[PDB]
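The form deposited in one PDB entry is given below as one chain in structure tokens.
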């Protein structure tokens, strides 16, 4: 008996060779392989396969290769591939990607993916499943920002801040041992993974290091605290001893140096360059040239992504508003004009497409949108396809190469940069079960269900008083993973090795899973998945034109984007 492919895809989700449109973009992903056995697909419901003695095994206890959760028929979109598989979760971690069911009667069941008495089922047929997004540029300013992030598929927030204090409103910093301890305690109530950055500023080691020992997971060097050669140097010396990452927002004003002075202070050490294009901050006008260097892990923030017809007008005004610049004082206008540049924003699009900028991030609430990192990633890839054509490396009519290059920017790459990719950032066996299910029509726009540590934390779901969960109003809502003490087991607080060894979690009474930051001093650009290009980026000081390999990088701004007015009420 045979099933035509249309009917097959309607019932079980797509299979090898089938393509799926990402939202309302022109991007198509193609199923590269499928781990199923046709005819033995797992599915759940009345008269369906996962029933005792059939697709569900009735014999084995939980410890005997039985899963806590099986996501059936997922279309995985990940740096590792775009393919169809069942995903098995146990003890809050991904333990199997393959084919779930009952070895009694089905062929090809992955040995540790038995559906048993202990197994919950999530039907992923017809959904795209990705890792939770890893946002490494978060200003902790307003707790309402967490739901915003969850709603767009973000599951880890790395950054700093103490709420709407001016230091935090400008910089991703939770300064000193006491504020760090306070924010670690606050974190016990935030339904998302978190890592906290201390102030990457000082001329003596001890003031900086004590933040690490107090429980910070990294440092942020920001020009508003003095992004001087000394602060850069001391922070990197601390990071190299502590095995944590350093983010930098460099000296825009070129007060103590130009870009080459900040690179000399870095002295080949690994650093994460935030908002590398520079609208969000950095040596004017040439900070983006950091993205060419081997020791730099470069990320963009999202307001410049992608370059649109309202981008400059919005940013010039935004900058004026936030820096209290008058359009009167020539110095303020000249400063703004030196910072917001169509030439570098247009090139930023292209540098993302070439794999020279490796990461995306938000800059939530400081100059970036907490719920638009994923959204704008895909808008940029769609714009690039239209303006630059399918990349040379593609195959069928598919955009798989571009899709893997771009999904990497907000999942695995930020995780590797921050030293947390052993735990999060991709759908791989042995990693925490932070998973995001998307309907293809809403892909990258609004997540259907966000799984955190193997329990659904956030979902688009309807009337709580209705007979079924689908009636209106369907809206993003926190689910049982965020309630009670379950919030502790479904989320990870990432911390330095030293704070963990010194017993900070016990000292503070932290109940969350504690994640160890590690392996972030021995990496470079080459370790950025699908975005590992090093090259000499030249930014003309007079014209701001960006050149790579002797070619000017320029593209036009677009009047319209997909993943926009078709979806949002405002």
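Positions refer to the first chain, counted from 1. Rigid core: the largest C-alpha set superposing within 1.5 Å between the two forms.
Missing here is the form deposited in another entry; even so, the following discussion is about that form.
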Comparing forms between this form and the one not shown after core superposition, the one residue of 267, 465, 327, 204 displaced by 2 Å or more at CA = 327
For residue 340, state whether the C-alpha moves by 2 Å or more between this form and the one not shown after rigid core superposition.
-> no
Taking the rigid core as reference, does residue 487 move its C-alpha 2 Å or further between this form and the one not shown?
-> no
Rigid core fitted, then: does residue 183 show a CA shift of 2 angstroms or greater between this form and the one not shown?
-> no
